[PDB]
Amino acid sequence: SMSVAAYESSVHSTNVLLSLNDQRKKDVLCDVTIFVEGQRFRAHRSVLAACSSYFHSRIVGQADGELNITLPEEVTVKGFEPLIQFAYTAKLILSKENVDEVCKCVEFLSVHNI
Amino acid sequence: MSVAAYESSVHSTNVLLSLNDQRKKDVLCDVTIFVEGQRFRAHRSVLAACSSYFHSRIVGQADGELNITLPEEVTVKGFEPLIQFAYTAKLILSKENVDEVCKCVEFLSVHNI
């Protein structure tokens, strides 16, 4: 009976991000490897660029093929793992044990929205 | 405090809007969709996340650029509102486009609807 309907979903963005997290965890449809202290992390260059000024600058311009990025020794796995989890889930867990390294890694990567 | 667990209510929305900006600018995209001859750029990860049809045509494919042509039953009139929904969480229907959008929803099996 209506001429126009404009709908919004409050959960769709959350569902997409959690789908992307599942892909990351399964290493399915990923397109960049991040090396942190030599350890391998798979991700999507689109998401990394969306969440970090540092990654954005190392990703825009690069070949469309497989991309490998090595982070320097300032970034530790202890500081990076909580932040890649935040990027893909919107949840950040800090402990007294990891807070100094996560802080360091946030500064280094300039993660948006802390 | 020994432990702090934070959640952001706006982060997923911010990420999706960043991905939409990349789509619109054709930056960091990795798949081209052809619909009624018209070209749309997107991210295979997002398309697979939002559509069972796309998921089936994406998983297993070569790592390089991927081109997917949708058959003549999918129209631009019906697809454009859905690709916008996939990337923005907003769906606009009109009397003019509702039949085609419905058809394309059936064809693609777009989730969260």
# chains A, B, ... in the order shown; residues from 1 in each chain; ligands from 1

call {"tool": "residues_around", "arguments": {"residues": "residue B:55", "least_positions_apart": "3", "cutoff": "12 Å", "atoms": "only C-alpha atoms", "output": "PyMOL selection string"}}
result
(chain A and resi 19+23+28-29) or (chain B and resi 43-52+58-61+68+108-111)

call {"tool": "interface_residues", "arguments": {"of": "chain B", "to": "chain A", "cutoff": "10 Å", "atoms": "only C-alpha atoms", "output": "ChimeraX atom specification"}}
result
/B:1-19,21-23,27-30,43-50,55,58-61,63-65,85-98,111-113

call {"tool": "atom_distance", "arguments": {"atom1": "atom CA of residue A:21", "atom2": "atom CA of residue B:20"}}
result
17.8 Å

call {"tool": "select_by_dssp", "arguments": {"residues": "chain A", "states": "strand (DSSP E)", "output": "count of residues only"}}
result
25

call {"tool": "atom_distance", "arguments": {"atom1": "atom CA of residue A:106", "atom2": "atom CA of residue A:26"}}
result
25.2 Å

call {"tool": "closest_residue", "arguments": {"among": "B:42, B:62, B:33, B:104", "to": "residue B:74", "atoms": "only C-alpha atoms"}}
result
B:104

call {"tool": "residues_around", "arguments": {"residues": "residue A:101", "least_positions_apart": "4", "cutoff": "12 Å", "atoms": "only C-alpha atoms", "output": "ChimeraX atom specification"}}
result
/A:73-83,94-97,105-108

call {"tool": "write_last_selection", "arguments": {"atoms": "N, CA, C and O atoms", "output": "CSV table (one decimal), in the first residue's frame"}}
result
chain,number,residue,atom,x,y,z
A,73,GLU,N,60.0,-5.0,15.3
A,73,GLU,CA,60.2,-5.7,16.6
A,73,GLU,C,59.5,-5.0,17.7
A,73,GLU,O,59.1,-5.6,18.7
A,74,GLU,N,59.1,-3.7,17.5
A,74,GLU,CA,58.3,-2.9,18.4
A,74,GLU,C,56.9,-3.6,18.7
A,74,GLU,O,56.3,-3.4,19.7
A,75,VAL,N,56.4,-4.3,17.6
A,75,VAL,CA,55.1,-4.9,17.7
A,75,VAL,C,55.3,-6.4,18.2
A,75,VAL,O,56.1,-7.1,17.5
A,76,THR,N,54.7,-6.8,19.3
A,76,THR,CA,54.8,-8.1,19.8
A,76,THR,C,53.5,-8.9,19.6
A,76,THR,O,52.5,-8.2,19.4
A,77,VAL,N,53.5,-10.2,19.6
A,77,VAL,CA,52.3,-11.0,19.5
A,77,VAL,C,51.4,-10.7,20.6
A,77,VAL,O,50.2,-10.6,20.4
A,78,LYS,N,52.0,-10.5,21.8
A,78,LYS,CA,51.2,-10.2,23.0
A,78,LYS,C,50.4,-8.9,22.8
A,78,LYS,O,49.3,-8.8,23.4
A,79,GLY,N,50.9,-7.9,22.1
A,79,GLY,CA,50.3,-6.6,22.0
A,79,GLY,C,49.4,-6.6,20.7
A,79,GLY,O,48.4,-5.9,20.7
A,80,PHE,N,49.7,-7.5,19.8
A,80,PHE,CA,49.0,-7.4,18.5
A,80,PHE,C,47.7,-8.3,18.5
A,80,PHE,O,46.7,-7.9,17.9
A,81,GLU,N,47.8,-9.4,19.1
A,81,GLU,CA,46.7,-10.4,19.1
A,81,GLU,C,45.4,-9.8,19.6
A,81,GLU,O,44.3,-9.9,19.0
A,82,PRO,N,45.4,-9.0,20.8
A,82,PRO,CA,44.2,-8.4,21.3
A,82,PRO,C,43.6,-7.4,20.3
A,82,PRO,O,42.4,-7.2,20.2
A,83,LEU,N,44.5,-6.7,19.5
A,83,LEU,CA,44.0,-5.7,18.6
A,83,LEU,C,43.5,-6.2,17.3
A,83,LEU,O,42.5,-5.8,16.8
A,94,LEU,N,41.9,-6.5,27.8
A,94,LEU,CA,43.2,-6.0,28.4
A,94,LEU,C,43.4,-6.7,29.8
A,94,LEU,O,42.5,-6.8,30.6
A,95,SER,N,44.6,-7.0,30.0
A,95,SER,CA,45.0,-7.5,31.4
A,95,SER,C,46.2,-6.7,31.9
A,95,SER,O,46.9,-6.1,31.1
A,96,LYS,N,46.5,-6.8,33.1
A,96,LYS,CA,47.6,-6.1,33.7
A,96,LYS,C,48.8,-6.6,33.0
A,96,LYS,O,49.8,-5.9,32.8
A,97,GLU,N,48.8,-7.9,32.5
A,97,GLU,CA,49.9,-8.5,31.9
A,97,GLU,C,50.2,-8.0,30.5
A,97,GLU,O,51.4,-7.9,30.1
A,105,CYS,N,51.3,-1.0,20.8
A,105,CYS,CA,50.9,-1.5,19.5
A,105,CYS,C,49.8,-0.6,18.9
A,105,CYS,O,49.7,-0.4,17.7
A,106,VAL,N,48.9,-0.1,19.8
A,106,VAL,CA,47.9,0.9,19.4
A,106,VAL,C,48.6,2.1,18.9
A,106,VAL,O,48.2,2.7,17.8
A,107,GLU,N,49.5,2.7,19.6
A,107,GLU,CA,50.3,3.8,19.1
A,107,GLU,C,51.0,3.5,17.8
A,107,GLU,O,50.9,4.4,16.9
A,108,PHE,N,51.6,2.4,17.7
A,108,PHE,CA,52.3,2.0,16.4
A,108,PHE,C,51.4,1.9,15.2
A,108,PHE,O,51.8,2.4,14.1

call {"tool": "select_by_dssp", "arguments": {"residues": "stretch 5-104 of chain A", "states": "alpha helix (DSSP H)", "output": "PyMOL selection string"}}
result
chain A and resi 12-26+45-51+53-59+77-89+99-104
